[PDB]
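Numbering (the authors' numbering), first residue to last: 120 to 148.
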Amino acid sequence: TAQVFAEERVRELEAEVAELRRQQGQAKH
Numbered sequence: 120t121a122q123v124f125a126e127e128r129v130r131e132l133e134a135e136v137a138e139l140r141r142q143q144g145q146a147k148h
C-alpha cells in the first residue's frame, strides 16, 4: 500500500531531520 513504503520512508526522513536538530544546536528541550 502507499503507506507501506511511507513507513520505510518516515524512518529515514526522521534521521534526516533529527541530524538537522544537531546542526540547530540545542533544538531539543
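Even for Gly, the Cβ is constructed at its ideal location relative to N, Cα and C.
Excluding the five sequence neighbours on either side, which residues of its own chain have a C-beta within less than 8 Å of the C-beta of residue i, listed in chain order?
{"i": "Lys147", "result": "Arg140"}
{"i": "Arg130", "result": "none"}
Going along the chain, which residues of its own chain have a beta-carbon closer than 6 Å to the beta-carbon of residue i, five neighbours each way excluded?
{"i": "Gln142", "result": "none"}
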